[PDB]
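A short write-up of the structure that comes next.
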Amino acid sequence: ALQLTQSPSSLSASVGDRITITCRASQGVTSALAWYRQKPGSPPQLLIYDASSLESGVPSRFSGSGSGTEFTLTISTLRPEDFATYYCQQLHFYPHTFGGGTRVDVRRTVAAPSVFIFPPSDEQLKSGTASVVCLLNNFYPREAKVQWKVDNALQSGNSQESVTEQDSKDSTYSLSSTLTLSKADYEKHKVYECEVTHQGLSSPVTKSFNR
Amino acid sequence: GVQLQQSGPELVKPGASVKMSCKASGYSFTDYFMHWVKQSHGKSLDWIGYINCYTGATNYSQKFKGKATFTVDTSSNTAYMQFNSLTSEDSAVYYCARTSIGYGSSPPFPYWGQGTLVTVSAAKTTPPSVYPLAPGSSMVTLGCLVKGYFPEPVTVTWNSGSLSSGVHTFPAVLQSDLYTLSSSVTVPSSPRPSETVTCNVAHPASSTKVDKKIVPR
Amino acid sequence: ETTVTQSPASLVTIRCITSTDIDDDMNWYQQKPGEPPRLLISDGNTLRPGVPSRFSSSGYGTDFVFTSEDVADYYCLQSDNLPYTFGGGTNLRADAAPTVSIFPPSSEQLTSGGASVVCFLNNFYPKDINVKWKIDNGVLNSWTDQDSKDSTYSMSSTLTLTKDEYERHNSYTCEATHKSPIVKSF
Amino acid sequence: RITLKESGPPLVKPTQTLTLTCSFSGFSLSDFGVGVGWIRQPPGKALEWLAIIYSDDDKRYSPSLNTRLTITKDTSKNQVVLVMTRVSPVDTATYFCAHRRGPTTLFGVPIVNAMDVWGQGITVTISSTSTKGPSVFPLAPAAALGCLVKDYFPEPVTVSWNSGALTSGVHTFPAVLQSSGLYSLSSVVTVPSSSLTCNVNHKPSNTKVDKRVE
């Protein structure tokens, strides 16, 4: 099937800046392309249709060019509200495939995360299940990973994590990981660690505790 | 390569019921819809309805309703069609066509099946009488006369498919509930009588399959 | 309904007007003898990939158009609403003389009390041809579809007589009158 | 001004069938070349085109759901119904139904490349799991601490601190779907080490809990 690969997928920018988004299609699409700007909670919004034509009531900082197998969405001066995700849709063939999306956040100086390890509280163990949550607070970029270790035993597949929305002021991020293990398995081992790897860290930091 | 394999020929008496299949291959069976088209001897093209192939949901034409009943089998990627209360107007060629992706249950029909012939009548199935046609004492034409058989169809080849050029197999004709067909074959006047020439006629209806060597008179 | 009407029904440009208005939902199928139809065009003139450019499906609304290996019946198909309806369709060189051949009854047939005299008139053109069974009703004629190679026609006449009926006559002929009648007997 | 609104069951169990309706005003399917399509969007995922129907009753479905989706229109009631059969947990997401402009006509002849008007989007969760309140465990130790709203269903779940008095430093992350088929989120708060209660509330299960963290 046809594919619409947007490039880049994620980028850093500043207010009143200049950015460019590309949409490459594996097959010709004449000028049947559109761009949407979506921001959490609210549905996507049409910016440019017919590849070049600018939608009604839409700002001017939004420009659209390209034709054939590659188009580009250009933002002259990046306003605040413009910080969100953008998609591109082709309507030449069916299905009217959408793009993968492009994340446009706020560019800010590197910021190493603050790791906080939380052991499984009792009361919970009184139900057979133990939860070990780790917290990375206010860091940048959004790119960062957590690695759990139980007595130097790299865990894998038994840990879920979530990330917050860039703070309207801090313009930073925070990740919440959770190592779920059966009380039984928990009891046995003793050294629980949470090694976090992030750009803003000359070396990986590790927070640990003992049962 | 996509391929719709339709069951062989059938023959039922008016009021009798017949069920035919349509096996698919080379594609995802449950992603499309299968329709069933009818084509009278005259060469028309009626719509009977369609089937979901996945959920089994179905839709017919107010004309064939009650008479046609679509069925599907996911485990064998096979589509079925049940015909009841058959009259002489049902005697036609029934097809099964698959839809295109994205269109849903509506056409076009990118692929069709072999096509199943159906003959409805009280006439008794009779095997054919194959007679050799040798010239009556650079090119020599020979042939075979397949007379008195019922019902259609009949497969006639020469030298087991070897001879394919200069071969003319004519449409069968009715002689009051009984067909008669002929086939000729032009070959240079040397591989005969020198070399052997035979016609292979088969009547599935009666499981008859006879070969006839065309010898000089 | 949506009565679809094809025109002509024999004779390139084909026509198909429908009882009801619709999108360009009108497919086109080519059907050669002995096989199922072939998809040529879909809704809104979209040539099925792998089909000659010589095909096009102009038209919209109710009046649609369609413009030696193209000898077959072409059918229109409305993809609008149920019931999906087709049309009456429509089947699609230098004159050639028929190569007549006369064949006496077979020993096997005569033994069954029957006796048929065949007469093959192959590769001729046009199809318009007259056969005359002259001895010294009871005949059958069958015409083959136009050859998809040399575009010629062919037919076989089968005179059926009784064993005795055949034995009381020693001269059978089948003259072929086609665009002096070609005579052939035994 | 054109308006669109998705309506239908907010929850559905696997295998069952989902029926979403698109109520709209500001145009009619009687309008030429006008269509109404559907776009799905899984949690934290990209947009996926589902289907689209036009005034002329034309319909096109995503090759993936070509046999599970059925789009119908009610020109009169100004609605566009979409039916998805055999739903599974992979179908839980927000469904938007947008409107597509029509081709410029000339006496009724076309002489469109986008979905100008969208809907509000309706959130649907495909799961067999039953409603149940969440358990609240403390995340005891600047300094950090918080609560772990455990094993609950279904979303959402509001979480505040000290009856609202707290905000600065609070981070209530979005829930995650566990293997159990239940949810679990953590709400943290970073405060002065020298400075050393989460107001959790689960509407459906009427489970309201104000636990303390020591």
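In the structure tokens, each chain is lettered A, B, ... as it comes, each chain's residues begin at 1, and ligands are numbered from 1 in order of appearance.
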message = Give me, as a PyMOL selection string, the residues of region 78-194 of chain A that a backbone DSSP run labels strand (DSSP E or B).
response = chain A and resi 85-90+98+102-106+111+114-118+129-140+145-150+154+159-163+173-182+191-194
Distance filter 8 Å, only C-alpha atoms, chain D against chain A, as a compact mmCIF listing (two decimals) with N, CA, C and O atoms, in the first residue's frame:
```
# COMPACT_ATOMS: atom_id res chain seq x y z
N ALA D 46 -0.94 7.97 15.93
CA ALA D 46 -1.23 8.83 14.80
C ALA D 46 -2.66 8.63 14.31
O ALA D 46 -3.35 7.71 14.73
N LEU D 47 -3.09 9.51 13.41
CA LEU D 47 -4.43 9.45 12.84
C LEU D 47 -4.54 8.33 11.81
O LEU D 47 -3.63 8.11 11.02
N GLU D 48 -5.66 7.62 11.84
CA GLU D 48 -5.90 6.54 10.89
C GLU D 48 -7.24 6.76 10.19
O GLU D 48 -8.28 6.84 10.84
N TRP D 49 -7.19 6.89 8.87
CA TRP D 49 -8.39 7.10 8.08
C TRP D 49 -9.21 5.81 8.08
O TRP D 49 -8.69 4.74 7.78
N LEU D 50 -10.49 5.93 8.41
CA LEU D 50 -11.37 4.77 8.47
C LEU D 50 -12.23 4.61 7.22
O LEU D 50 -12.14 3.59 6.53
N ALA D 51 -13.06 5.60 6.94
CA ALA D 51 -13.92 5.55 5.77
C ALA D 51 -14.46 6.94 5.43
O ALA D 51 -14.18 7.90 6.14
N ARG D 60 -16.09 4.29 0.76
CA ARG D 60 -14.75 3.71 0.69
C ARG D 60 -14.28 3.42 2.10
O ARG D 60 -14.38 4.27 2.99
N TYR D 61 -13.77 2.21 2.32
CA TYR D 61 -13.30 1.81 3.64
C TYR D 61 -11.83 1.45 3.63
O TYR D 61 -11.30 1.00 2.61
N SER D 62 -11.16 1.65 4.76
CA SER D 62 -9.75 1.33 4.90
C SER D 62 -9.54 -0.15 4.59
O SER D 62 -10.19 -1.01 5.18
N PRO D 63 -8.62 -0.46 3.66
CA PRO D 63 -8.33 -1.85 3.27
C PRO D 63 -8.28 -2.82 4.45
O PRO D 63 -8.59 -4.00 4.30
N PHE D 96 -13.19 10.53 15.19
CA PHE D 96 -13.62 11.84 14.69
C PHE D 96 -14.30 11.67 13.35
O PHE D 96 -13.89 10.85 12.53
N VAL D 112 -11.50 20.41 -2.36
CA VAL D 112 -11.91 19.04 -2.08
C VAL D 112 -10.76 18.24 -1.49
O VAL D 112 -10.96 17.25 -0.79
N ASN D 113 -9.53 18.68 -1.77
CA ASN D 113 -8.36 17.98 -1.28
C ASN D 113 -8.08 18.17 0.21
O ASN D 113 -6.96 18.55 0.58
N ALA D 114 -9.07 17.90 1.06
CA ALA D 114 -8.91 18.03 2.51
C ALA D 114 -10.21 17.91 3.30
O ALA D 114 -11.30 18.01 2.74
N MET D 115 -10.06 17.71 4.60
CA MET D 115 -11.19 17.59 5.51
C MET D 115 -11.24 18.87 6.33
O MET D 115 -10.73 18.94 7.45
N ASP D 116 -11.87 19.90 5.76
CA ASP D 116 -11.98 21.21 6.39
C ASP D 116 -12.64 21.25 7.76
O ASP D 116 -12.13 21.89 8.68
N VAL D 117 -13.78 20.57 7.92
CA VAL D 117 -14.48 20.58 9.19
C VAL D 117 -14.46 19.22 9.89
O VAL D 117 -14.90 18.22 9.32
N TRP D 118 -13.95 19.20 11.12
CA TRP D 118 -13.88 17.97 11.90
C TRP D 118 -14.89 17.95 13.03
O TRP D 118 -15.62 18.93 13.24
N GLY D 119 -14.94 16.84 13.75
CA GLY D 119 -15.86 16.72 14.87
C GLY D 119 -15.13 16.90 16.18
O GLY D 119 -13.96 17.27 16.20
N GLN D 120 -15.82 16.64 17.29
CA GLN D 120 -15.23 16.78 18.61
C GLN D 120 -14.47 15.52 18.99
O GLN D 120 -13.58 15.55 19.85
N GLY D 121 -14.82 14.41 18.35
CA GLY D 121 -14.18 13.14 18.64
C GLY D 121 -14.83 12.46 19.83
O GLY D 121 -15.05 13.09 20.87
N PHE D 137 -1.98 3.61 46.86
CA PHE D 137 -0.80 3.31 47.65
C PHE D 137 0.11 4.53 47.69
O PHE D 137 0.24 5.25 46.70
N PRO D 138 0.75 4.78 48.84
CA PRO D 138 1.64 5.93 49.00
C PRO D 138 3.05 5.73 48.43
O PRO D 138 3.61 4.64 48.50
N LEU D 139 3.59 6.80 47.87
CA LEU D 139 4.94 6.79 47.32
C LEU D 139 5.78 7.61 48.29
O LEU D 139 6.07 8.78 48.04
N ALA D 140 6.16 6.99 49.40
CA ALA D 140 6.95 7.65 50.43
C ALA D 140 8.42 7.81 50.04
O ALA D 140 9.01 6.93 49.41
N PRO D 141 9.02 8.95 50.41
CA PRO D 141 10.43 9.27 50.11
C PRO D 141 11.39 8.19 50.58
O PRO D 141 12.53 8.47 50.94
N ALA D 144 10.63 14.10 46.86
CA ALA D 144 9.48 13.67 46.07
C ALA D 144 8.64 12.60 46.76
O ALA D 144 9.14 11.82 47.57
N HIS D 171 2.77 16.26 39.40
CA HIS D 171 2.80 15.65 38.08
C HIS D 171 1.97 14.38 38.03
O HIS D 171 2.43 13.31 38.43
N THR D 172 0.73 14.50 37.56
CA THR D 172 -0.16 13.36 37.45
C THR D 172 -0.06 12.78 36.04
O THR D 172 -0.71 13.26 35.11
N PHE D 173 0.77 11.75 35.88
CA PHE D 173 0.98 11.12 34.59
C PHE D 173 -0.26 10.40 34.08
O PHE D 173 -1.14 10.04 34.86
N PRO D 174 -0.34 10.18 32.76
CA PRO D 174 -1.48 9.49 32.16
C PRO D 174 -1.42 8.00 32.48
O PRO D 174 -0.35 7.40 32.50
N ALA D 175 -2.58 7.41 32.73
CA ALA D 175 -2.66 5.99 33.08
C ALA D 175 -2.10 5.07 32.00
O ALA D 175 -1.96 5.46 30.83
N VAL D 176 -1.76 3.86 32.41
CA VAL D 176 -1.24 2.84 31.50
C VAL D 176 -2.14 1.62 31.61
O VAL D 176 -2.66 1.32 32.69
N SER D 186 0.26 7.11 38.33
CA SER D 186 0.95 7.64 39.49
C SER D 186 0.93 9.16 39.46
O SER D 186 1.18 9.78 38.42
```
query = Could you list, as a VMD selection string, every residue of chain D that has an atom within 10 Å of an atom of chain C, counting only C-alpha atoms?
reply = chain D and resid 33 56 to 58 109
query = Quick one: which residues from chain B are at most 6 Å off chain C, using only C-alpha atoms, as a PyMOL selection string?
reply = chain B and resi 61+107-108+110+131+133+135-136+170
Just the selected residues (C-alpha atoms), exported as a PDB file, in the first residue's frame, please.
```pdb
ATOM      1  CA  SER B  61     -31.461  -9.380  -5.368  1.00  0.00           C
ATOM      2  CA  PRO B 107     -18.063  -3.772  -7.659  1.00  0.00           C
ATOM      3  CA  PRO B 108     -15.857  -3.719  -9.740  1.00  0.00           C
ATOM      4  CA  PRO B 110     -11.304  -7.693 -10.568  1.00  0.00           C
ATOM      5  CA  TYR B 131     -17.932 -41.528 -34.872  1.00  0.00           C
ATOM      6  CA  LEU B 133     -14.820 -38.789 -39.914  1.00  0.00           C
ATOM      7  CA  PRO B 135     -12.164 -38.292 -45.990  1.00  0.00           C
ATOM      8  CA  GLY B 136     -14.211 -40.271 -48.485  1.00  0.00           C
ATOM      9  CA  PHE B 170     -18.499 -26.646 -33.119  1.00  0.00           C
TER      10      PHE B 170
END
```
key: Between CA of residue 94 (chain D) and CA of residue 44 (chain D) - distance in Å to one decimal   = 10.4 Å
request  = Return the neighbours of chain D among the residues of chain B, cut-off 7 Å, counting only C-alpha atoms, as a PyMOL selection string.
outcome  = chain B and resi 31-32+52+54+101-104
Near-region 202-213 of chain B list (8 Å; only C-alpha atoms; drop same-chain fewer than 6 positions) as JSON, numbers by chain = {"B": [9, 125, 126, 127, 128, 130, 131, 132, 144, 150, 151, 152, 153, 154, 155, 156, 196]}
Writing out the chosen residues with C-alpha atoms as a compact mmCIF listing (two decimals), in the first residue's frame:
```
# COMPACT_ATOMS: atom_id res chain seq x y z
CA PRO B 9 -20.98 -28.84 -14.00
CA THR B 125 -28.33 -38.20 -19.08
CA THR B 126 -27.15 -40.18 -22.12
CA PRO B 127 -23.52 -40.90 -23.11
CA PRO B 128 -22.30 -39.73 -26.56
CA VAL B 130 -18.32 -40.88 -31.15
CA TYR B 131 -17.93 -41.53 -34.87
CA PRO B 132 -14.69 -41.07 -36.88
CA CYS B 144 -15.20 -36.73 -35.12
CA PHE B 150 -27.03 -35.34 -22.63
CA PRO B 151 -26.40 -33.05 -20.99
CA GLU B 152 -23.68 -30.51 -21.75
CA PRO B 153 -20.77 -30.15 -21.74
CA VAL B 154 -18.34 -32.35 -23.68
CA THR B 155 -14.56 -32.07 -23.89
CA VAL B 156 -12.99 -33.04 -27.21
CA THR B 196 -1.82 -41.50 -35.86
```
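Counting only C-alpha atoms, the residue from A:145, A:6, A:93, A:22 that sits nearest to chain C is A:93.
Our summary of the geometry notes that CA of residue 208 (chain D) is positioned 21.7 Å from CA of residue 125 (chain A).
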query = Near residue 7 (chain D), within 10 Å and counting only C-alpha atoms, which residues show up once chain neighbours fewer than 6 positions away are dropped, as a count of residues only?
reply = 13
request  = Can you work out which one of A:179, A:15, A:84, A:146 has the shortest atom-to-atom distance to residue 103 (chain A), counting only C-alpha atoms?
outcome  =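 Using only C-alpha atoms, residue 103 (chain A) sits closest to A:84.
Of the listed residues (C:174, C:152, C:165, C:59), C:174 comes nearest to residue 130 (chain C); the distances count only C-alpha atoms.
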inquiry  = According to DSSP computed on the backbone, where in region 25-177 of chain D is there helix (DSSP H, G or I)? Give the residues as a list in words.
reply    = residues 89, 90, 91, 162, 163 and 164 of chain D
key: Nearest to residue 71 (chain C) by atom-to-atom distance, counting only C-alpha atoms, from C:1, C:150, C:128, C:95   =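 Checking each of C:1, C:150, C:128, C:95 against residue 71 (chain C), counting only C-alpha atoms, the winner is C:150.
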message = Need the shell around region 68-73 of chain A: protein/DNA/RNA residues with any atom at most 9 Å away, counting only C-alpha atoms. Skip same-chain ones fewer than 4 positions apart. Format as a ChimeraX atom specification?
response = /A:19-31,33,35,48,51,62-64
request  = Could you please determine the separation between CA of residue 183 (chain B) and CA of residue 215 (chain B) in Å, to one decimal place?
outcome  =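 Interatomic distance here is 15.8 Å.
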